[PDB]
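**Q** Submitted below is the structure of interest, expressed as structure tokens.
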Amino acid sequence: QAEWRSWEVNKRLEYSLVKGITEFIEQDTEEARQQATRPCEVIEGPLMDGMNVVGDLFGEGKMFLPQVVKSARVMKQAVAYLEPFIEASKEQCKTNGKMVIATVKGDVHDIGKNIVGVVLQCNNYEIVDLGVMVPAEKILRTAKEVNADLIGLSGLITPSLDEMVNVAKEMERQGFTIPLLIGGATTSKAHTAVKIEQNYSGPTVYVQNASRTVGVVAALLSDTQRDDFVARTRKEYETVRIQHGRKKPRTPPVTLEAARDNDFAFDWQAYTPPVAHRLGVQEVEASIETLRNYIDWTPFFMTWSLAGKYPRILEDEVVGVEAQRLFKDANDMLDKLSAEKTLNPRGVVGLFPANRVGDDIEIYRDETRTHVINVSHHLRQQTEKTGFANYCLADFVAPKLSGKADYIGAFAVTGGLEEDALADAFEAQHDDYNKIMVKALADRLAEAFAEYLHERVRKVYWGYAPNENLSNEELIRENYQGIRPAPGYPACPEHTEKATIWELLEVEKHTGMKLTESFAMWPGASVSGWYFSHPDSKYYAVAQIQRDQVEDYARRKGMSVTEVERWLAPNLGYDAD
Ligand code: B12
């Protein structure tokens, strides 16, 4: 009765792998397994005779990642069935190469890595994933214990770039020869070509996306290009170095002295800082239903590699259809989670009295302005300014020497602690779709809580806009007074400051969230930052900070001048080691 259920199980298998169907997969995988001598011919047969189809159609714009992930599911549920008949009839069976991929020790961003991960499992490459915040040691060990042909690391935070150079050294100090691919959006063909490739006498290549990966990995293993490639790359990474070496610099830096003097000019005498309708640290929660109306689906589609800016992306004559069903499944999931409460976004907010002092934000235990409960430290742009001031988030706060009782706030929210468990849940049932789906949503609900919270802060809590009324649109455009910078962003690059935010809020004590070693957060889908009210506070980039400030900062933090140089490596205005 089903026109497609009337074909050879080897052509319906290609169908199941294309139209993503696991309903008749176990039979369409067993039938071809019985019509097969040694159990693995199906693996290298109709499975790949279909994956190569999934790929070819993928590259012709006749498929998209969202679908390829549903295809990879059938391919894994098909292999999750032929695992036994190959455990008792071990034959290994050929692939296109094995590779150990993992998220640089300390970092949490993994989806971008899990995408490139399957994109290769669609080219018959075996990908022994390791996860996030994985120690460079475990990574190399795996490379050996599994005799991998390559190693791909992924990191999007600042500490990453440093923990990556570590692996390059270890591979070079332990005799490795397999290539070393650096991954991440933040990681550039520059940092890789200047601060990493030179620490490993082996192939160290960078890739922009999960699309280029397939191309690179290929000509990196091919016995007819592997040489033309490597040489071509090394000669290129040579250009980058000398290129940025010449542009080093174009805009001369400045002294922390002349910098602080040329600070955000503003007459605090005329102005009068808006008092906080409230003060203290209050735990806060919000149903998924409440947050759903704050979600920014733009990045959501942007994750599944779908060019578009919601909602117009739902129309787009290209992926409009896919963007829809994806958006459908997304919501359909949020529905079950919101009803079953199987996921509950949690968070905490706080408001304290504070004042600026040089480049720091003194935080008092109460209006008395006597005893300090902590001090938020902030850097200051250190390049030559023309017409503008070397901005520092400290400026936007009333200088202690003005009496103007100013205030500052902080927060830390998560799309729920159940992220991990849920992810592993689908992980077991071999379903990368919902696994990456829930992770993506957790991120959404997470950032959604950040807006929803900040709103109630601008309106109620802080109270400098109680009658403020905006639609999700205006919010994304940031149609409001004040900014909510967070540790890591160009405004406040120093990551260890997350410490302060976790201190002042007793976050783990009110939310459960935790800070690892590289000052990463938990669960993965979690955000935390500050709150500033001053109607002129804007997001800028600290840029390049010179020595004199690294020291002075290491002095205010009590951190070893060197250790500091590490956390702000990408921001250092010189070439330290
Ligand atoms: C979603 C997201 C998050 C999630 C993370 C969960 C997850 N699994 O991804 C959430 C909302 C929780 C978050 C929080 C934070 N984030 Co964030 N986040 C993003 C965002 C919007 C997109 C990145 C993303 O996932 N993209 C989609 C994927 C598919 O793309 P991709 O990672 O770039 O991958 C492509 C390639 O680069 C490549 N690639 C990647 N992996 C690999 C591996 C190999 C082997 C190879 C060869 C290539 C390769 O393949 C991909 C194509 O598919 C960005 C903005 C941006 N500019 O990218 C910031 C960004 C990464 N975040 C940033 C920061 C500041 C933070 C926080 C510290 C903020 C805070 N709360 O205080 C925290 C991290 C701590 C924590 N534990 O939560 C910065 C980093 C800057 C810095 N100096 O540190 C960014 C760049 C923003 C900015 N412009 O400043 N984040």
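**Q** From the list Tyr200, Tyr237, which residue is within 16 Å of the ligand (Cβ to nearest atom), in contact with a helix residue (DSSP H, G or I) (Cβ under 8 Å, 6 or more places away or on another chain) and farther than 25 Å from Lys98 by Cα?
**A** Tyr237 is the lone residue from the list that is within 16 Å of the ligand (Cβ to nearest atom), in contact with a helix residue (DSSP H, G or I) (Cβ under 8 Å, 6 or more places away or on another chain) and farther than 25 Å from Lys98 by Cα.
**Q** I've got another one for you. Are there any pairs, at least 6 apart or on different chains, whose C-beta atoms fall under 8 Å, with the first in the stretch 474-486 and among the hydrophobic types (A, V, I, L, M, F, W, C) and the second in a helix (DSSP H, G or I), and if so, which?
**A** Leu475/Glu451; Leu475/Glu455; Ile476/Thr298
**Q** Right, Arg12: more than 32 Å from the chain's Cα centre (by Cα), more than 27 Å from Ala218 (Cβ to Cβ) and not in a loop (DSSP other than H, G, I, E, B) or not?
**A** Criteria met by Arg12.
**Q** Testing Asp267 on (1) in the same structural domain as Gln549 (by CATH); (2) free of Cβ contacts under 8 Å to residues at least 40 places away in the same chain; (3) in a helix (DSSP H, G or I), one condition comes back false. Which one is that?
**A** For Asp267, the exception is condition (3).
**Q** What tally of residues in the stretch 257-281 results from selecting those that are among the β-branched types (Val, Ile, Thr) and surrounded by 14 or more Cβ atoms within 10 Å (Cβ to Cβ)? Working first, answer last.
**A** We begin by selecting, within the stretch 257-281, every residue among the β-branched types (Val, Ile, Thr); these are 272, 275, 281.
Retained after the next criterion (residues that are surrounded by 14 or more Cβ atoms within 10 Å (Cβ to Cβ)): 275, 281.
So the count comes out to 2.
**Q** Run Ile178 past the list (1) over 25 Å from the mean Cα position of the chain (by Cα); (2) more than 11 Å from the ligand (Cβ to nearest atom); (3) of a type outside the set (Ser, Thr, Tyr); (4) under 20 Å from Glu236 (Cβ atoms) and report the number of the one that doesn't hold.
**A** Here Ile178 clears every test but (4).
**Q** If you don't mind, another one. Among what's in the stretch 542-570 and is charged (D, E, K, R) and over 30 Å from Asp406 (Cβ atoms), pick the residue that is surrounded by the fewest Cβ atoms within 10 Å (Cβ to Cβ). Walk me through it before giving the result.
**A** Of all residues in the stretch 542-570, those charged (D, E, K, R) come to 547-548, 551-552, 555-557, 563, 565-566.
Next, only the ones that are over 30 Å from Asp406 (Cβ atoms) stay: 547, 563, 565-566.
Values: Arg547: 16, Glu563: 11, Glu565: 22, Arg566: 16.
That would be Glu563.
**Q** Shifting gears a bit: Exactly one of (1) over 14 Å from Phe411 (Cβ atoms); (2) surrounded by 21 or more Cβ atoms within 10 Å (Cβ to Cβ) is unmet by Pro487. Its number?
**A** Only one criterion in (1) over 14 Å from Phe411 (Cβ atoms); (2) surrounded by 21 or more Cβ atoms within 10 Å (Cβ to Cβ) is unmet by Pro487, namely (1).
**Q** Would you point out the residue of the stretch 485-503, among those that are more than 10 Å from the ligand (Cβ to nearest atom) and under 23 Å from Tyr540 (Cβ atoms), that is nearest to the chain's Cα centre (by Cα)?
**A** Within the stretch 485-503, the match that is nearest to the chain's Cα centre (by Cα) is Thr496.
**Q** Moving on. When you scan the stretch 459-472, do you find a residue that is more than 30 Å from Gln382 (Cβ to Cβ), surrounded by 23 or more Cβ atoms within 10 Å (Cβ to Cβ), within 17 Å of the chain's Cα centre (by Cα) and in the same structural domain as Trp522 (by CATH), even just one?
**A** The answer is no; no qualifying residue exists.
**Q** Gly61 passes all but one of (1) small (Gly, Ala, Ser); (2) surrounded by 17 or more Cβ atoms within 10 Å (Cβ to Cβ); (3) within 23 Å of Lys328 (Cβ to Cβ); which number fails?
**A** So the condition that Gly61 fails would be (2).
**Q** A follow-up question, please. Condition (residue is surrounded by fewer than 18 Cβ atoms within 10 Å (Cβ to Cβ) and of a type in the set (D, E, K, R)) applied to the stretch 194-202: is it met by at least one residue?
**A** no
Residues checked against (1) surrounded by fewer than 20 Cβ atoms within 10 Å (Cβ to Cβ); (2) out of contact with any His (no Cβ under 9 Å at 6 or more places or on another chain); (3) within 18 Å of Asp431 (Cα to Cα):
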position	(1), (2), (3)
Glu8	yes, yes, no
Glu14	no, yes, no
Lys19	yes, yes, yes
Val42	no, yes, no
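**Q** Identify the single condition in (1) closer than 30 Å to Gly358 by Cβ; (2) surrounded by 13 or more Cβ atoms within 10 Å (Cβ to Cβ); (3) in contact with a strand residue (DSSP E or B) (Cβ under 8 Å, 6 or more places away or on another chain) that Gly347 does not satisfy, given that it satisfies every other one.
**A** Result: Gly347 fails condition (1) only.
**Q** Tally the residues that are more than 10 Å from the ligand (Cβ to nearest atom), buried (at least 19 other Cβ atoms within 10 Å of the Cβ) and not hydroxyl-bearing (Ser, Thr, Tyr), restricting the search to the stretch 505-541.
**A** 4
**Q** Still on this structure, please answer the following. Give the stretch 380-401 a look and list any residue that's within 29 Å of the chain's Cα centre (by Cα) and within 12 Å of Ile361 (Cβ to Cβ), or say none. Walk me through how you get there before you give the answer.
**A** Going residue by residue through the stretch 380-401, those that are within 29 Å of the chain's Cα centre (by Cα) are 380-383, 390-394, 396.
The answer is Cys392, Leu393, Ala394, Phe396.
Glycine gets a Cβ as well: all are built from the backbone with ideal geometry, and neighbour counts include every protein chain shown. Basis: the model, the stated rules and, where named, an outside source; nothing here is a laboratory result.
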